[PDB]
Amino acid sequence: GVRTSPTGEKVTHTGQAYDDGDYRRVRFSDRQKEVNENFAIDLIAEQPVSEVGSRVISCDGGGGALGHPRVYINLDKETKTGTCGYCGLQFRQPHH
Amino acid sequence: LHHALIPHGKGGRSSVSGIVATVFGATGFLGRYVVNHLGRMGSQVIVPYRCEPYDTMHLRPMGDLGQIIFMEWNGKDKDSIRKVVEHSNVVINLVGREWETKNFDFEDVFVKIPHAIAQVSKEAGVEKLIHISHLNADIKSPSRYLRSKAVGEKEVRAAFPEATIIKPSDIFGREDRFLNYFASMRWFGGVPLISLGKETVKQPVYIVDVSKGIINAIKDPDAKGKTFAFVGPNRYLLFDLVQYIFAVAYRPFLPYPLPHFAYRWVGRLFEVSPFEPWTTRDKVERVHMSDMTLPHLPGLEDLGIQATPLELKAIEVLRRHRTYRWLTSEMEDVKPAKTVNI
Amino acid sequence: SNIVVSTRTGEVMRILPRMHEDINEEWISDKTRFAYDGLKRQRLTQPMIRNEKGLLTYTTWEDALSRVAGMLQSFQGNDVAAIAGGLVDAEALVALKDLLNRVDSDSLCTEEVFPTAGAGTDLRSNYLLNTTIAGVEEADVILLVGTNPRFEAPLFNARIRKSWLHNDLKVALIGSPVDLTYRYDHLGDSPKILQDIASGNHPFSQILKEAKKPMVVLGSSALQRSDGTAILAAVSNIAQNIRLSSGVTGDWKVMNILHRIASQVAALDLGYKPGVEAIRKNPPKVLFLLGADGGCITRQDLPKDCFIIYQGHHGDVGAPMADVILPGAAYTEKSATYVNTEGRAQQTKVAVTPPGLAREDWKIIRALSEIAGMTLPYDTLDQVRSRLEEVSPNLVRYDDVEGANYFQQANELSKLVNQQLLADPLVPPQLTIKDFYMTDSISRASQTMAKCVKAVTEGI
Amino acid sequence: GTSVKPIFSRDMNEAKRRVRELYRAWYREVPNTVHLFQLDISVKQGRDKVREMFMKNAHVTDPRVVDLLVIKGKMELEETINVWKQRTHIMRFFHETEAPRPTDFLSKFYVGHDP
Amino acid sequence: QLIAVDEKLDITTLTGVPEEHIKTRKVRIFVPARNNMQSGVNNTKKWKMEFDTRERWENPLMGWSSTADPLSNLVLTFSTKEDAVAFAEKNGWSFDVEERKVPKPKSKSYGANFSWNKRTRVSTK
Amino acid sequence: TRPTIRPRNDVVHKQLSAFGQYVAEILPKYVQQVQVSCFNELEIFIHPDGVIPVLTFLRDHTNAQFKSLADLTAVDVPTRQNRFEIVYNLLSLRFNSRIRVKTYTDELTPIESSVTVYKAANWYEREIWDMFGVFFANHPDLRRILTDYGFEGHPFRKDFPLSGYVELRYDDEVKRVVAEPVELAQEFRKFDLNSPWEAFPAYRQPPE
Amino acid sequence: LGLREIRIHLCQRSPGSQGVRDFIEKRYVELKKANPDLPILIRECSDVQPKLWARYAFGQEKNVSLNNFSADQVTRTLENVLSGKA
Ligand SMILES: NC(=O)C1=CN([C@@H]2O[C@H](COP(=O)(O)OP(=O)(O)OC[C@H]3O[C@@H](n4cnc5c(N)ncnc54)[C@H](OP(=O)(O)O)[C@@H]3O)[C@@H](O)[C@H]2O)C=CC1
Ligand SMILES: [Zn+2]
């Protein structure tokens, strides 16, 4: 989800861009500004919400011991999905 | 004041001075001292260079990480100038040559390039411009170097009215072409002097004094549109000055008088070298010309600097020119030369 | 309240309580805890001067101080006045007082009004919480007049509830019937009740007479009203009736004043005039605003071409109308002395240095005095605190809460004049929780306080 | 009583005598240091600097502290005579690359927060 | 045989500390307050000496936090207040001493949770 | 208390306790305390005046024969009136044993040099003088060993800052290396690591 | 000559301030009624000694010790200060 500033400088995923009157931009002359193009927030936004038939789901991030510490997520609320505090994967009980 | 350019720290290497300076001519004699003084207090320095990058290496340790940025430029290309002055609040011009090459004459380096630098800096919004001229700049001078200097300072004032113009007189220092130039005249047996150097008065100024004067003029808000003359504290006859130089170097001094036409012939002969000439006709004319007296202009003491006399700093330049027998001789051993100070 | 400021890499991270058994125990209010983010917004970082057009523009310290010094040398006496805000420290207060005394000006005023009739600020115990916060634990009964202690002084209200819970304290309130988180006997909101109590024609008069350790607390907010003097006289008369009728218990203080302004007690100790009545009596040509953001005096209250100088840390109501802006240090950015409602002097410490070109406030005033030719005799913080000791010694005693009881003289002097009460119900400025979050320039700049106001105004 | 063990001197007189010996040694050594290290200062500058260093500690009134200061000065002189120090170490006494720090209140106020 | 001096101890000329960092510094001697996030009291036993906080600024490259005072991380530990005062005095540092804060003893009664006629009665457990 | 826990040695503990009692009996003029740690290490705390008589004894007595001086160092404890703890670690090859001798001094009190007992002490004492400022009387050649020429201060003192006071760089105006007050682009980040809960009840001090 | 403020620094329980305390208990009220528009700031000292400060026009001010004074001596001192004496 890259985006450009009024100066033409690419904005990073941290939302940091040099102002129009900032001298520090001179550091990029005759060179470039390193920017990572794979924005994690947009990438996790594309993952679908998993429908599971239990009130409590378990997530370890996939890969077993190659993931994150295994946590349990409550799915009682029907107004929102259950989000993993490590991975960002979303879960819900079937509704409608 | 643009918060990122608000001074912070104690004024040392890791501090922020608030100065962003583009230093044209930073790879020469005065340029290294100016860059060192800017980097001492934590300024951001931009160095436009046309030479080989190997020839800029000595400027790298002069600033903390990120504080000295090198960029290529072309003196005949205004886009390069715009590129190197886009983000600066100070532009210093130290570009100059003491001889003419096949690609750049005196008018190119002292009129056209300073004018382009001043005009581009004015367009780009640079707040402060420092331009270096000569004390003896004259539209009617017998030296075309000084005529070009006078024309160039006129054009710089025309294109950047708030410029600070600084006119030094014969800077001496470790890498100077003044003390080392007169000390390298021994390789020819005798010392040729027009009129035996008896009709020439010199007022040379220390290099560190000039660099500190440029720094202080940057820091002085009153120095905006003024013209300064940077001269030393003493005035000497050329004969006495050269004799003192040879005494400090402990070399035999054999001065003889050479007429103006013969010295001009010698200078033109040396002018044919495709490398850096040992001397030129213009150098011969400038060496044997008296320094002007300009009391109406402000000087180093108007910027808070007491001029360093030559007698305290001649040894740090001329010890290298001694034989092994005289290397350890101390500074106060030479009996300073006579001065004609009004 | 004693606090700990957590900093990391030159930035304030959070505020935590610091245990002090006699002031705040281990609790703080939510404004103390969460308003620190306002320190990161709307900050004054550079000196500013008016342009030819009339817009504020950055300048150096030299130029701004020179303009202020020229104006200071132009005028003298009543033509020069100063107003102190609610967040001012004692060092800057005394430096400004000395500077304006050098011009022969005594128009040193605060925004918070206190009655000058009678003893006025001559007797310290006249404007102090003489019982002290810990003394609430001891007292059997407490009467609150024209106050909403829950929002004006949350930790004092917490102490009241603690003694209500553990010592079965009886609480009565005269004023608007606010929720105090404990049950209290509401006598009404009419000021005349005070007189009805003082004459003995009230049941609560008898309740107070047979109390062993009675406590009368009058809110400084009640004092803001013009009759404030009549209210203070009535409260003092109630305390005198208690003193004479119920005998003498020893050393137990009945008369109390509860303050809401951090800078008020130090300013009263230093000799400032409470309120801006002096400035309205004799409008000045030169006006110093030292963190004053209450809007008490506007340019409509001053002669045209008046020279206004604002010194502070935030751009609030005060900064826009000034000719010259001098950026000062916030309370987290200096070591400075504050005196609380009890009369106890304490000092802050430097957590982070002031942003940009901002400087310590007393240093700004001392530099101004040097440029103006009337150099002040102190160069360091220790010397300014020695000057504070010369003016009011209790300011260098950094945990003392002891003091002489001068109630008899103050009551006798208050009996001199007989200003009338008004038929206006005592209505505190803080009526509900939404009024509590924003009461100063730091909390008005806080986005957390804005979120809190939005949350309490609409639930959802 | 104070029951304190001396280092070299019992009172201030012997400590002052040792100070004078060390001062004489440094004063004699200065011209040799100027010649051997190829310094650009004068002998008067070096001796003035030596005097300044000695004057820096004139306020000391404890004979043990004076003895330790003389011990340190003797160590520095021995380092200098044997050319264990280089030119950079000798010139470090003069602080030729440090900008002059203001002392009056106003300049310090302008430049920053340090008291 | 001993020499019987009669002057206060002063080692400033021997420590190699620059003049500025002797006469312009203010040390605080105090028992650190308990961190309010935890109930442990083991960090409130000893006395600490720390220096006054000086300026920190942003590094133009990397935006790191930069300092120029060498004593910004100097904290000394002492068994008593008198030891810290003596150490500060012999080093010539001006000091401010804050007295130790001990929590006052409290009367805890579980049965008071269920009082017949007092307000200490709890409405929930 | 099996595999995880380090095993004990009562035999060595008893032998070291007996030898410590022996040493204390032989030299009551100087010995102030004797201790045996639970990992079987013997310490003898002595008055400073006894540095030479004790060490010599431990070197020359037929039943001690501590011929090797393994190490000699100092410890700085600013809370003590006598700041500096002087530690001698000795090894006897004849009896295959080690011993530690401890004494104290302040900033202004010299300690007798032990070069006449152990020549190895020479450099060690220099290092102590370099790092802590402890002066050793009658040292043959006492001077800095580890620090730069002309260096001021004693870095290993607790009140000496970690980065010191001066740093070095090459300056081109003077064409040499110069020393200037230290400035750090990133300040060292102080960490507060101590848990507020007591770890070892066996070392609890009386609450005064 | 233009009197602006009076400051009385007395210590709460030191014997040397007894007379000053007597003054504040007995004659302060009448003094304040006689001079209603004159600030007379009563403050408390640590045990150094009692003091009386008088601040005049343009920031000039003088101090006089009241140690071991009686009520009469304090009254005399304040009478001289308030009038054209010294
Ligand atoms: N030295 C003296 O005694 C006096 C000096 N001045 C003025 O001071 C200034 C500097 O003095 P100094 O430093 O001694 O002169 P130097 O020749 O030592 O420095 C010359 C600088 O100018 C640059 N330069 C020269 N010609 C060109 C060109 N055609 N295009 C681009 N860059 C060019 C050089 O770059 P490169 O290194 O790539 O050639 C070098 O950086 C000059 O303007 C001189 O006139 C004034 C009065 C007296
Ligand atoms: Zn997950």
Side-chain angles (χ1 to χ4, degrees), chain A residues 44 47 50 57-63 67-73 82-91, chain B residues 23-35 47-56 58-59 72-77 80-81 84 92-114 116-117 130-137 143 145-146 148-149 152-153 156 165-181 202-207 209-211 214 228-232 276 282-283 286-287 291:
Chain A
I44 197 61
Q47 291 288 127
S50 305
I57 191 53
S58 172
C59 187
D60 71 334
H68 65 69
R70 184 210 297 141
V71 292
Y72 298 79
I73 308 172
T83 307
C84 180
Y86 285 98
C87 216
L89 291 175
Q90 307 185 56
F91 310 82
Chain B
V23 188
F24 291 96
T27 67
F29 176 36
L30 180 53
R32 71 203 280 146
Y33 293 84
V34 168
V35 167
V47 177
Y49 70 96
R50 64 154 181 173
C51 61
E52 154 77 35
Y54 179 92
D55 290 320
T56 82
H58 68 283
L59 300 173
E72 259 162 41
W73 83 302
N74 196 305
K76 295 164 160 154
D77 185 16
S80 296
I81 303 164
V84 293
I92 309 169
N93 172 46
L94 313 164
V95 165
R97 202 94 285 169
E98 298 203 70
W99 55 89
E100 281 172 313
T101 75
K102 66 190 189 262
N103 284 287
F104 297 97
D105 51 50
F106 283 138
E107 164 130 18
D108 286 329
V109 304
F110 289 131
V111 181
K112 283 168 166 53
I113 280 167
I117 284 169
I130 319 290
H131 172 75
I132 308 301
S133 192
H134 206 287
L135 175 89
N136 299 337
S143 190
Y145 170 109
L146 301 167
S148 293
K149 285 272 196 184
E153 70 185 359
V156 161
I165 297 178
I166 291 183
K167 296 156 69 65
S169 87
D170 267 332
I171 313 165
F172 63 88
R174 264 187 191 91
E175 297 93 357
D176 79 345
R177 292 213 176 208
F178 191 62
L179 289 199
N180 289 310
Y181 167 91
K202 292 308 200 187
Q203 196 163 22
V205 62
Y206 190 36
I207 180 78
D209 289 353
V210 176
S211 195
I214 290 156
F228 293 81
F230 285 5
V231 291
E276 299 149 43
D282 176 81
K283 184 61 183 273
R286 292 200 339 265
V287 157
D291 280 333

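Only heavy atoms go into these numbers, but all of them, side chains included; no hydrogens, no water, no symmetry mates. Within every chain, numbering begins at 1; the chains are lettered A, B, ... in the order of the sequence lines, protein sequences first and strands thereafter. As the structure lists them, so they are numbered: ligands from 1, and atoms in each ligand from 1.
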Atom 5 (C) of ligand 1: of B:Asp176, B:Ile171, B:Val205, the nearest heavy atom sits on B:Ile171

Counting from 1 in the order shown, the ligand 1 atoms closer than 4.0 Å to a non-hydrogen atom of B:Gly25 are 21 (C), 22 (O), 41 (O)

the protein heavy atom lying closest to atom 19 (O) of ligand 1 turns out to be B:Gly28 CA, 3.2 Å

The option among B:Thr101, B:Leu30, B:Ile132 carrying the non-hydrogen atom nearest to atom 13 (O) of ligand 1 is B:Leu30

SG (A:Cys59) to the Zn ion (ligand 2) to SG (A:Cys84), nearest 10°, is 110°

Query raised in the report: Measuring from the heavy atoms of B:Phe172, does anything fall under 4.0 Å of ligand 1?
Result: no

Next on the checklist: Whether the B:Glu98 and B:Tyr181 side chains hold a donor-acceptor pair (N or O, under 3.5 Å, no angle test) is what I'd like checked.
Outcome noted: no

Atom 43 (O) of ligand 1 sits nearest the protein heavy atom B:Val95 O, 3.1 Å

Honestly, for B:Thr27 the part within reach of ligand 1 (heavy atoms, under 4.0 Å) is both

Near B:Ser133 (heavy-atom distance under 4.0 Å), the atoms of ligand 1 are 46 (C), 47 (C)

Atom 9 (C) of ligand 1: closest protein heavy atom, distance to 0.1 Å, is B:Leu94 O, 3.4 Å

Ligand 1 to B:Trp73, heavy atom cutoff 4.0 Å, flagged ligand atoms 31 (C), 32 (N)

At under 4.0 Å between heavy atoms, what of B:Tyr33 touches ligand 1? The answer is neither

- Close approach, B:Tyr145 and ligand 1, non-hydrogen under 4.0 angstrom: yes

For B:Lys149, the ligand 1 atoms with a heavy-atom partner under 4.0 Å come out as 7 (C), 43 (O), 44 (C), 45 (O)

key: CA sep, side-chain torsions, deciding dist, call: B:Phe106, B:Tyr145, ring pair (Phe, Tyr, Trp, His ring centres under 6.0 Å)   = CA-CA 6 Å; B:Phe106 283 138; B:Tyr145 170 109; 5.7 Å; yes

Checklist entry - Within a strict 4.5 Å, meaning less than it, do heavy atoms of the B:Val84 and B:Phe24 side chains meet? => result yes

Quick note on ligand 1: atoms under 4.0 Å from a heavy atom of B:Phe104 include exactly 29 (N)

Under 4.0 Å from one or more heavy atoms of B:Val109, ligand 1 contributes atoms 29 (N)

Under 4.0 Å between heavy atoms, the region of B:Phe24 that gets near ligand 1 turns out to be neither

for atom 18 (O) of ligand 1, nearest protein heavy atom and its distance come out as B:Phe29 N, 2.8 Å

Here the atoms of ligand 1 under 4.0 Å from any heavy atom belonging to B:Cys51 are 38 (O)

For a side-chain contact (heavy atoms from CB on, under 4.5 Å) check, start with the C-alpha distance between B:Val34 and B:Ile92, then their side-chain angles and the critical distance, and finish with the verdict.
CA-CA 9 Å; B:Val34 168; B:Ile92 309 169; 3.9 Å; yes

Atom 22 (O) of ligand 1: closest protein heavy atom, distance to 0.1 Å, is B:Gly96 N, 3.2 Å

Next on the checklist: Any non-hydrogen side-chain atom of B:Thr27 less than 4.5 Å from a side-chain atom of B:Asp55?
Outcome noted: no

Exercise. Take atom CD of B:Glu52 as the centre, draw a 6.0 Å sphere, and report whether it contains more than 12 heavy atoms from other residues, nucleotides or ligands.
Key: yes

ask   = Between B:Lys167 (side chain) and B:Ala229 (backbone), is there a donor-acceptor pair under 3.5 Å?
value = no

>> Is any side-chain heavy atom of B:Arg32 closer than 4.5 Å to one of B:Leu59?
In response: yes

protein heavy-atom neighbour closest to atom 32 (N) of ligand 1 works out as B:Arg50 NE, 3.7 Å

heavy-atom search around atom 17 (O) of ligand 1 in the protein gives B:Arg97 NH2, 2.8 Å

Exercise. Within A:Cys87, is some N, O or S atom less than 2.8 Å away from the Zn ion (ligand 2)?
Worked result: no

One finds that the ligand 1 atoms under 4.0 Å from a non-hydrogen atom of B:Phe110 are 45 (O)

Margin query: For ligand 1, which is the ligand I care about here, please tell me if B:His134 has any N or O atom under 3.5 Å from one of the ligand's N or O atoms.
Written below: no

| field | Heavy-atom side-chain contact between B:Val23 and B:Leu94 under 4.5 Å | value | yes

